[PDB]
Amino acid sequence: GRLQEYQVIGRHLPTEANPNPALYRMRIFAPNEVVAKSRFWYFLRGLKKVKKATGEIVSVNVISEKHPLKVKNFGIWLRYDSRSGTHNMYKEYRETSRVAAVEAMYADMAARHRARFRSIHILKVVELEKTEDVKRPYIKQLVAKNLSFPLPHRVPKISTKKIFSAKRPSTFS
Amino acid sequence: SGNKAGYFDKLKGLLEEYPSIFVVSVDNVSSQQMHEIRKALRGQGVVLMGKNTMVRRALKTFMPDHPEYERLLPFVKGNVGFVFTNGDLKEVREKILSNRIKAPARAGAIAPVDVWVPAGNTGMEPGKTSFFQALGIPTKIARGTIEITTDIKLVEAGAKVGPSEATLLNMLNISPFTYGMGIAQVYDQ
Amino acid sequence: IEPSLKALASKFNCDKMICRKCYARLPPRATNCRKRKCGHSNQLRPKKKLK
Amino acid sequence: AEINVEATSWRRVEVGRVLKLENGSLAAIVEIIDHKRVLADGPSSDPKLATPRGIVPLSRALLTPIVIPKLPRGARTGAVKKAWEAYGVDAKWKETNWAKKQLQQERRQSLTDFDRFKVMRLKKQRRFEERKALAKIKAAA
Amino acid sequence: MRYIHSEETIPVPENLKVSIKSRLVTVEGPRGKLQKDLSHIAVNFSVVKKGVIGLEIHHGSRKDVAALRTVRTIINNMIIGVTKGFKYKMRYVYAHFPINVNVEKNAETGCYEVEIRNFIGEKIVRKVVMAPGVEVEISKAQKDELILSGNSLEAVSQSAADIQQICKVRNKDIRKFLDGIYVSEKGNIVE
RNA sequence: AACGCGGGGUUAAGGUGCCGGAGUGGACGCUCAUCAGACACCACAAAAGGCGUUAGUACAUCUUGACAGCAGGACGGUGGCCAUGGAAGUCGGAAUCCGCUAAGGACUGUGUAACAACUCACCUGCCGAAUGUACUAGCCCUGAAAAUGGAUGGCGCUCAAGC
Ligand SMILES: [K+]
Ligand SMILES: [K+]
Ligand SMILES: [K+]
Ligand SMILES: [Mg+2]
Ligand SMILES: [Mg+2]
Ligand SMILES: [Mg+2]
Ligand SMILES: [Mg+2]
Ligand SMILES: [Mg+2]
Ligand SMILES: [Mg+2]
Ligand SMILES: [Mg+2]
Ligand SMILES: [Mg+2]
Ligand SMILES: [Mg+2]
Ligand SMILES: [Zn+2]
C-alpha cells in the first residue's frame with residue numbers, strides 16, 4: 001500500500017508559431033499524485049526541451065491491476081548508480097501485481113547493493129507469459145512440478161507480557 | 001561440425017537406399033580388424049556407424065518412409081552399429097564374423113575360462129628363469145630349453161592375472177581373449 | 001636407498017608448493033594458500049628441487 | 001536387513017491442505033507463492049468458518065490434518081466450493097481436538113456470576129463421590 | 001539463495017542392521033559394533049525403501065548443504081568397516097642406521113604399544129600407544145613392513161599417522177635426509 | 001528552540017532490551033570477524049589483494065549427449081624430402097598430402113646408439129544436465145606497530161540489542 005502506478009500526460013504550452021503541441025505519456029510509480037507529477041517533469045526534462053514553467057499537465061489517472069488474484073512472474077529492467085559509475089541490471093520477481101513487484105525491487109536493491117530510491121531508473125516492467133521465459137534459478141525452483149515442503153523448527157507465538165512460563169515450549173507446530 | 005553435418009545426410013541417404021539393414025555390436029575391437037574387414041568388403045556392402053543416435057533416426061521416423069523404423073527405437077543402447085549390403089541374410093550370417101583376432105592379456109584382465117599350461121618343452125633360452133622363480137614355479141633346463149615337468153595352474157577362472165603371469169602368457173602366445181564382431185537381432189528376424 | 005622407497009619418501013617432503021607471502025607448505029595442485037594471515041593468496045611457486 | 005529410524009514427521013504445505021487462521025477461520029491452499037506466502041480461500045457455509053480469497057502469510061497459520069484430495073492447482077472459487085462440500089470439510093473439522101478445545105474455552109468465558117456460584121456447588125457434589133471411591137481403592141492398596 | 005530440498009540415499013546390505021535414535025547412529029554387523037553421534041548437524045533421517053536410508057535438508061543455505069554428502073560418506077564407511085574392515089600398511093625408509101621396531105600387547109588396558117629404536121642412530125627410545133580396537137603386527141611377507149587393521153577407519157588412520165609423525169629429522173635438509181616410516185597402501189581386510 | 005508566577009493538552013531535535021520515561025513492535029534481505037559492528041559536526045585510516053559469501057555484465061560449449069572420473073583404441077606410403085658408426089616424430093636445418101572412418105601427427109612428452117614400448121594429442125565405450133573464461137560492486141577478511149589498567153557512555157548483544 002506504499003506505491004501506486006499512474007498515467008501522466010503532459011504538453012508544452014501552446015504558442016502562435018506552434019498551436020496544438022505534441023502530447024507525451026509516461027507510467028510512474030509513486031506514493032501519491034503530488035510526487036507523481038514531480039517525477040514526470042524530472043524524466044521529461046532529460047528527453048525533450050520542456051520545463052514545468054513552460055508546460056502544463058493534461059491528465060492524471062490511476063492504473064489498477066486487472067487480476068489481483070492470479071500469481072504471476074515479472075521481469076524488470078533498471079539502471080542505477082553505484083559509488084563509482086552506472087550500470088544496467090535485470091531481475092525477476094513472483095507476486096500478484098505490478099505494484100507488488102516494484103515494491104519488492106526497491107527493498108531488494110537497498111539490501112544487496114545499498115542503492116537508494118534517488119539513484120534508480122525503471123526502464124520496463126513485463127509479465128512473463130510462458131514458463132520457458134524464466135531465467136533466474138531462484139524463481140525456477142518455485143515453478144517446479146508438484147511442489148511441497150514442511151516447516152521445521154517453528155517457534156510458537158507467546159505474548160510478550162507473559163513472563164515466567166511453567167513449562168518448556170516445543171517447536172513442532 | 002562439418003563432418004557431423006555430413007554424417008547426417010550420409011545416414012539419411014544410406015538407410016533409405018539400402019533396404020537390408022543389419023545390426024552389429026562391436027565392443028573393444030582394435031583398428032586393424034576394422035581395416036581388414038573394410039578393405040575385404042569395400043567392393044560389396046558398406047560398414048559404417050558412429051555415436052549413438054537418439055533423434056537422428058527419429059528424424060527418419062517422422063516421415064513414414066519406413067513404419068518399421070519406429071519399432072527399432074528401443075533397440076539401440078550404445079556402441080552398436082548398422083550394416084548396409086545388397087546380399088542375403090544367410091550370406092551375411094557369417095560374412096562379417098571372419099578374421100577373429102587373438103588379444104593378449106592387459107596385466108590384470110579377467111580370464112572368463114580357466115587357463116592351464118600343458119606339460120611340454122618350451123624351447124627357449126633358460127636365461128629368463130628369473131620370471132619362473134619369481135612365482136616359484138618348478139622348471140627344468142633340458143637341452144638348453146625350459147620344460148615344465150608338472151602341470152601348474154596359472155589362474156582361477158574369473159580371477160585377475162599378475163603382471164609376471166601376464167608376461168609369461170604373452171611369451172607363451174596362449175590366451176582365451178578372442179575378439180570379433182558380436183551379432184544382434186536384425187529386423188525382429 | 002632403493003629407488004621406489006626414495007620416491008615414496010619424497011612424496012611427503014619434496015613435491016609441494018610454497019606460498020610466496022608466508023612460506024607455507026601447500027599441496028602440489030593448490031591454487032590458494034590455506035592460511036588466513038596472508039588472506040588466502042594465490043601467488044605460489046614450486047618447492048625447489050635438490051640437484 | 002533391519003533398519004530402525006525414529007525421527008520427526010511434519011505436515012507439509014501443499015495444494016489441498018486446510019489451514020487454521022488466527023480468528024478461528026479456515027482456508028484451503030490453492031497456490032504456493034514463496035516459502036512464506038500462499039494463496040488460499042475457504043468457501044464455507046458457516047459464517048464463522050469462512051474466509052475470502054487472498055494471500056495468507058504462513059507465520060500466522062496452523063496446519064490441520066485435513067487434505068482435500070485431487071484439488072487442481074489454481075482452481076477458482078466455484079471449483080473449490082464444490083470439492084469442499086463433497087469431501088465434508090465442516091464435519092471433519094468438528095471432530096478434531098482443536099475444535100473441542102475452542103468450544104470449551106468459549107463456554108467458560110460466557111459464565112455469569114450466578115453460573116459461577118452454581119458450578120462451584122455442582123463440583124463439590126461430584127467431588128464427594130470421588131473422595132469416597134479413592135479412599136476405598138487406596139485402602140485395599 | 002536458499003535451496004528448498006536436498007537429498008541423499010544410502011543402501012544397506014542384508015547382513016547387518018542400523019539404528020537411529022536422536023541422531024545417534026549404531027551399526028551392527030558380522031565383525032562388531034560401531035557408534036557415532038551427529039547431534040551437531042540439523043538433518044532428517046527416514047526409511048526410503050526396504051533397505052535404503054534417506055537424508056534430507058530443508059530450506060538449507062549453500063554452507064549448510066555442503067555437509068549432507070559428508071554425513072553420507074561417514075556412515076557409509078561405518079557400514080564397510082563393520083562388514084569388511086580396513087587395513088593400512090607402512091614401510092621403513094633409511095639410508096645408514098637401521099630402524100628397530102618392537103610391538104607388545106599390554107594386559108591391563110588391552111591396547112598395543114610400539115617402540116622405535118635407532119632412528120638416525122639416536123639413543124632416545126620412542127613409544128606410541130595405539131587406539132583401542134586397532135591391532136598391529138610385523139609383516140612376514142616382506143621386510144620392513146608394518147600392518148594395522150581394525151573396524152574404524154578413523155581409529156586405524158589416526159594411529160598410523162601417530163607413528164609417521166613421531167619420526168622426524170630436525171636441523172637438517174629434509175630433501176637429503178629421507179629417513180622415517182611412511183604409509184604406502186590402503187585397503188580392506190577382506191579382498 | 002530563545003525565558004514573568006502556576007494548572008491541563010500537543011509536539012520539535014532526539015529516542016522506546018536494562019541503567020531510563022516509551023516496542024525484546026511489524027515486512028524483505030545482507031553479515032560469522034582467534035582485531036566483528038553499532039549514527040552528522042567528532043574525536044582517523046590508504047594504495048594493493050581473497051576459489052569467504054551474495055547479486056550482476058559479456059563471450060563461448062552442451063540432450064545431434066557438454067565439464068569430472070573410469071574404460072578401450074590410437075592405422076600405409078612415411079625411417080618424409082636432408083643430415084648419420086648411429087636419429088624410425090622427439091641431436092640437429094627447413095615444409096606440412098590423401099585412402100580409413102565417428103577416429104590417430106610425415107607428432108606434445110618419457111624412451112632406444114637407432115628400433116621398440118609407453119604415450120600423448122585425437123577419437124570412442126559409461127553417465128545423465130548443465131559447464132568454462134574474463135569482468136562489475138555490496139558485507140566480511142589480509143594490509144593494521146607504543147609506552148599506568150579502560151572504554152560503541154556502561155552492562156551486554158549473533159534469523160541481533162549489527163548494516
Ligand atoms: K523482533
Ligand atoms: K567479492
Ligand atoms: K548511546
Ligand atoms: Mg646445517
Ligand atoms: Mg506543561
Ligand atoms: Mg526504532
Ligand atoms: Mg521502562
Ligand atoms: Mg579496496
Ligand atoms: Mg568429456
Ligand atoms: Mg569513557
Ligand atoms: Mg539500545
Ligand atoms: Mg534495522
Ligand atoms: Zn600464504
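As a basis for the values below, the full set of heavy atoms in this structure was taken, side chains included, without hydrogen atoms, waters or symmetry mates. Chain letters run A, B, ... following the sequence lines, proteins first, then strands; residues in each count from 1.
The listed nucleotides are F:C51, F:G73, F:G56; the one nearest the side chain of A:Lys91 is F:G56. Closest contact between the side chain of A:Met89 and the listed nucleotides F:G56, F:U24, F:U54 involves F:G56. Set against F:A55, F:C51, F:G29, the side chain of E:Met1 has F:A55 as its closest nucleotide. Closest approach to the B:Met54 side chain among F:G72, F:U64, F:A33 is made by F:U64 (side chain taken as heavy atoms from C-beta onward). The nucleotide whose nearest atom lies closest to any side-chain atom of B:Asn28 is, among F:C51, F:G125, F:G72, F:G72. Closest to the side chain of A:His153, out of F:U54, F:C159, F:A27, is F:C159. When distances run from any side-chain atom of B:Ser30 to the nucleotides F:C51, F:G26, F:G73, the shortest one goes to F:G73.
Aromatic ring orientation, B:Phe84 versus B:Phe82: parallel (interplanar angle below 30°, classes split at 30° and 60°).
Contact check on B:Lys60 versus B:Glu16 returns no salt bridge, with no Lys/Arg side-chain nitrogen under 4.0 Å from an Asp/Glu carboxylate oxygen. Salt bridge annotation for E:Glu8-E:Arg69: present, with a cationic side-chain nitrogen under 4.0 angstrom from a carboxylate oxygen. Taking 4.0 Å as the cut-off between side-chain N and carboxylate O, A:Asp133 and A:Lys130 do not count as a salt-bridged pair.
For the P atoms, the distance from F:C159 to F:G25 is 14 Å, rounded to whole Å. Of the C1' atoms belonging to F:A60 and F:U90, the separation is 34 Å, rounded to the nearest Å. Comparing the same atom, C1', in F:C107 and in F:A74 gives a spacing of 12 Å after rounding to whole Å.
Residue side chain A:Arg114 does not reach the base of F:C139 through any donor-acceptor N/O pair under 3.5 Å, judged by distance alone.
Taking atom CG of residue A:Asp108 and atom P of nucleotide F:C163, one finds them 20 Å apart after rounding to whole Å. Whole-Å rounding puts the B:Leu48 CG to F:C123 P distance at 17 Å. Remark: P of F:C123 and CE of B:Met34 are 19 Å apart, rounded to the nearest angstrom. A straight line from CZ of D:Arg37 to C1' of F:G29 spans 13 Å, rounded to a whole angstrom. Distance CG (C:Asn42) to P (F:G49): 10 Å, rounded to an integer number of Å. Taking atom NZ of B:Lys51 as the reference point, atom P of F:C122 lies 18 Å away to the nearest angstrom.
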Got a list of side-chain donor-acceptor pairs under 3.5 Å for residues 161-173 of chain A, not counting sequence neighbours?
| from | atom 1 | to | atom 2 | distance (Å) |
| --- | --- | --- | --- | --- |
| A:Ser165 | OG | A:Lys167 | N | 3.2 |
| A:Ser165 | OG | A:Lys167 | O | 3.0 |

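At the heavy-atom level, B:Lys39 lies nowhere under 4.0 Å from the strands shown. Residue B:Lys4 is in base contact, counting any heavy-atom pair closer than 4.0 Å across all strands shown. Residue-level contact check: E:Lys63 touches neither bases nor backbone, having no heavy atom under 4.0 Å from any strand. As judged by a 4.0 angstrom heavy-atom cut-off over every strand, B:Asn79 is placed among residues touching the sugar-phosphate backbone only. Nucleic acid contact for A:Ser84: sugar-phosphate only, since backbone atoms but no base atoms lie under 4.0 Å from a heavy atom of the residue. Within the nucleic acid shown, B:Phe8 comes within 4.0 Å of at least one base atom, counting heavy atoms only. Among the heavy atoms of the strands, none lies under 4.0 Å from A:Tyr93. Contact annotation for B:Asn3: no contact, since no heavy-atom pair falls under 4.0 Å across all strands. Here A:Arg2 lies out of heavy-atom contact (under 4.0 Å) with every strand. Within the nucleic acid shown, C:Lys35 has no heavy atom closer than 4.0 Å to any nucleic acid atom. Using a 4.0 Å heavy-atom criterion, one finds that A:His87 contacts the sugar-phosphate atoms exclusively.
Between B:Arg106 and F:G72, a side-chain N or O to OP1/OP2 separation shorter than 4.0 Å is present. Look at B:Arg56 and you won't find any side-chain N or O under 4.0 angstrom from OP1 or OP2 of F:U63. Not one side-chain nitrogen or oxygen of C:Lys21 sits closer than 4.0 Å to the OP1 or OP2 atom of F:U142.
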Assess the residue pair A:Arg79 and A:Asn88 against the criterion (side chain to side chain donor-acceptor pair (under 3.5 Å)); give the C-alpha distance rounded to whole Å, side-chain angles, the decisive distance to 0.1 Å, and a yes or no. CA-CA 5 Å; A:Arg79 148 182 180 170; A:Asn88 305 322; 5.6 Å; no

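Between B:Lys77 and B:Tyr7, the residue anchored nearer the 5' end of RNA chain F, judged by the nucleotide with its closest heavy atom, is B:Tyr7.
The minimum heavy-atom distance between C:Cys19 and C:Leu44, with the atom names listed, is CA-CD2, 3.9 Å.
For the strand neighbours F:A13 and F:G14, base stacking is present under the 5.5 Å centre-distance and 30-degree plane-angle rule.
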